[PDB]
Amino acid sequence: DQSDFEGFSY
Amino acid sequence: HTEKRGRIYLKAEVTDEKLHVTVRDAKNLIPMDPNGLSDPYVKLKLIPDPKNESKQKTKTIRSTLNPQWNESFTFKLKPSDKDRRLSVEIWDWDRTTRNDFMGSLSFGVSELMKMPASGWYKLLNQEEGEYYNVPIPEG
Ligand SMILES: [Ca+2]
Ligand SMILES: [Ca+2]
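Chains as they are written, first to last, in the authors' numbering: chain B, 649 to 658; chain A, 155 to 293.
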């Protein structure tokens with residue numbers, strides 16, 4: 649499990 | 155200020171021996187951003203997924219209290235997923251990070267196997283949404 653929750657925009 | 159009047163239209167039916175998850179849109183959202191709006195996204199995962207491939211997620215739409223996604227996902231876990239529940243995590247994205255709990259819900263595969271679930275779900279808490287599955291017909 650990686651940082652998917654906080655992985656959308658920069 | 156805790157008016158949880160937001161509603162989400164989530165559909166989950168069984169077809170082709172797989173789960174057909176379709177998220178239509180949401181209405182009556184409450185501002186969870188400094189700009190006076192909310193831009194949440196749709197996240198769904200069928201546990202247990204240690205492979206990290208059953209975890210589906212979509213990007214946020216834009217500045218509006220009534221966003222529509224119309225995303226259609228179709229997948230299924232091992233035969234031992236009947237006792238599992240489709241976990242939907244609705245969070246308000248804040249560009250760089252997340253920090254606003256909009257609501258969470260789940261649908262049991264065992265119930266969905268004998269009957270498809272489609273309707274408007276209310277904003278429930280983490281435990282409330284993952285332990286229950288009460289959709290509002292609204293029609
Ligand atoms: Ca926010
Ligand atoms: Ca936001």
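Here a beta-carbon is modelled for each residue, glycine too, at the ideal position from N, C-alpha and C.
The residue from A:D246, A:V263, A:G293 and A:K197 with its alpha-carbon nearest to that of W274 of chain A is A:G293.
Here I244 of chain A is buried, its C-beta having at least 16 other C-beta atoms within 10 Å. With a cut-off of 8 Å on Cβ pairs, the segment 215-231 of chain A is not in contact with the segment 254-262 of chain A, counting fewer than three such pairs. Interface with chain A (7 Å Cβ-Cβ cutoff): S657 of chain B is included.
When A:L164, A:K158 and A:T156 are compared, the shortest CA-CA separation from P291 of chain A is found for A:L164.
For ligand 1, no non-hydrogen atom lies closer than 6 Å to the CB of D649 of chain B. The contact set of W247 of chain A on chain B, defined by CB atoms closer than 8 Å, consists of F656 and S657 in chain order. Counting C-beta pairs with one atom in each stretch, the segment 210-220 of chain A and the segment 190-201 of chain A have three or more that are closer than 8 Å, which means they touch. Distances from the CB of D170 of chain A to the heavy atoms of ligand 2 are all 6 Å or more. Excluding its 5 nearest sequence neighbours in each direction, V263 of chain A has C-beta neighbours in its own chain below 6 Å: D235, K236 and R238, listed in chain order. Of the candidates A:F261, A:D248 and A:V177, A:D248 places its Cα closest to the Cα of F656 of chain B. Within chain B, the residues whose beta carbon sits less than 7 Å from that of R252 of chain A are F653 and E654, listed in sequence order. Ranked by how close their Cα comes to the Cα of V177 of chain A, the residues A:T214, A:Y285, A:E284 and A:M269 have A:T214 in first place.
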